[PDB]
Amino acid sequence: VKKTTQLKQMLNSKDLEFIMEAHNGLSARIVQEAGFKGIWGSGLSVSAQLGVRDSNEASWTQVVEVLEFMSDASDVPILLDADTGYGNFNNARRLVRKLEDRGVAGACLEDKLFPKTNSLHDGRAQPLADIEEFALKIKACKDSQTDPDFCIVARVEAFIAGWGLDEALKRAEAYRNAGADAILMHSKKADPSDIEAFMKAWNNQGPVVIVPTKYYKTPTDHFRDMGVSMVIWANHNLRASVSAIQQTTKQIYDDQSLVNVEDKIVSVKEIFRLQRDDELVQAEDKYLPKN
């Protein structure tokens, strides 16, 4: 069934669902083959892989293109981390159109200003979007959809910006009232206190998504206990990939030889396998003169 429908069911299941980050077509295929039911198109990981910062440096179409290759390499839905929507309601609704066309399942937008600053920094400025304004941006995206199953997740940055539960709840309520398919409540505390607080006051008004990067020590069953609908593992493949490349590059640099890595890395045939080279081999058998 449609990737959009797959993601919507997930956001709406009372069951706790999990999406894993991917940041390129290769990693999207890997996450798929692992069994994950959804993919998180991480804004940080996509910017990082390109070698730029997570501050809207690469253009929205450069992001979308990375996402197109990812969509093509995967059968499970991708929820794009669309930052603040790359501009106003009009830039956001144009983004949704391009997203739908590429097979991307949903877009997550955070209530800050363009260009944004990664939520994980401390001390940095985290100005928030006006509430009525942001809600209308959420509504324009929903209003503008062609496929009714496409998802719009509204990310509340109130705790991240030093505001309280009061603000967090007003904005979550507003975004939900504007048609958001789920609310992503964010927090950068090493514990889940902001989340516990929010979930308690929310009174299960709608599905809630969380990103436990900072409070990763919290047992997952606690999230189930709170009634969270989905958890996003945000940037670990990007992070694992950097450890590997630094370790590998240093070893080859030091040895001036491949002997100490050849057996610690996937083979060339595994690469060809993940690129689905065999399919092409079938196709050439069928579409090229035998002689």
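For clarity, a rigid core is taken as the largest C-alpha set superposing within 1.5 Å between two forms. Note that residue numbering follows the sequence shown and begins at 1.
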query	finding
Which of 176-184 and 80-88 lies farther from this form in 4 other deposited structures of this protein, as RMS of C-alpha positions after a rigid core fit	80-88
Stretch with greater C-alpha deviation in 4 other deposited structures of this protein, 241-249 versus 42-50 (rigid core superposition)	42-50
Flanks modelled, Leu120 absent in at least a third of other entries	yes
Mean C-alpha temperature factor, higher of 89-97 and 147-155	147-155
Higher-B stretch (mean Cα B-factor, as the entry records it), 183-191 or 107-115	183-191
Peak C-alpha temperature factor (PDB record), options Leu169, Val76, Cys141, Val211	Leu169
CA B-factor ranking of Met230, expressed as a third of its chain	middle
B-factor third for the C-alpha atom of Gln282 within its chain	highest
Chain thirds of CA B-factor: placement of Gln9	highest
Relative C-alpha B-factor of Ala201, binned into the chain's lowest, middle or highest third	highest
Chain third (lowest, middle, highest) by recorded CA B-factor, residue given as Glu17	middle
